[PDB]
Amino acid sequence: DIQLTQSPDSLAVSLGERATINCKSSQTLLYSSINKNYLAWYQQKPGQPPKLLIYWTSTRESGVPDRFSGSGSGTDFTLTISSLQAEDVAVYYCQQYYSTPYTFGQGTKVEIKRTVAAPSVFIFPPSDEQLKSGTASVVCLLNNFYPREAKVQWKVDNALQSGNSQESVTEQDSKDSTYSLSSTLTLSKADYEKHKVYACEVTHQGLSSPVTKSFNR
């Protein structure tokens, strides 16, 4: 059971720059008779099966652009992507095939770097038809913001809510490389009509002052 731990978990690199991913191994992956380290690198774009990039830590798979290079020996291995482009956004795994069972790393997320953009905050009250079903859902939208990190808090007549909301985040946009986040607060009609003011607290590095969007039932 050879363990592979790779760092960093996430990486943000700009166009025409270098990205570096490390991979730490718990055992030497070197064969006596071949003098090659048995470690491999894989690329997995979202929604697609993994693709092999580099094997033996130095040799590049045929068809891989030469901007990908492998390095390292012993227990340390590194993957270098010089001149990062838009099509290299994926999750990269280091896998050892020295001996069964094969093991993978936890994965490394790679994204582009963009000029900081403040989110556009909108809030949507639950529709009349949904209220007929006895459940009210309030949707708060953060549109076209970078970086992905953001803080969202739900205030229902103040006093905050903890555990009645879920968040969904989109991938980086293919052109402007921004992010979109939606947080939906789910409550029954009984609890929905027991309060008046519903507010969506938003915290982001685009603006120092938190932005609050609210409405009255």
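Just count from 1 along the sequence shown to find any residue number.
- [ ] Tell me which of 171 to 179 and 48 to 56 has the higher mean C-alpha B-factor in the deposited entry.
- [x] On average, C-alpha B-factors are higher across 171 to 179.
Open item on the list: I need to verify one thing: averaged over C-alpha atoms only, is the B-factor higher for 18 to 26 or for 194 to 202?
Closed with: Mean CA B-factor is higher for 194 to 202.
Task: CA B-factor ranking of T186, expressed as a third of its chain - done: Highest third of the chain for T186's C-alpha B-factor.
TODO: Looking at the entry's B-factor column for C-alpha atoms only, identify whether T80 ranks in the lowest, middle or highest third of its chain.
DONE: Tercile = middle for this residue's CA B-factor.
- [ ] Tell me, lowest, middle or highest third: where does the Cα B factor of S165 rank within its chain?
- [x] For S165, whose C-alpha B-factor we compare with every modelled residue in the chain, the answer is the middle third.
- [ ] Going by the recorded CA B-factors, say which third of the chain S7 sits in, lowest, middle or highest.
- [x] Middle third.
Task: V91 - Cα temperature factor, lowest/middle/highest third of chain - done: For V91, the deposited C-alpha B-factor lands in the lowest third.
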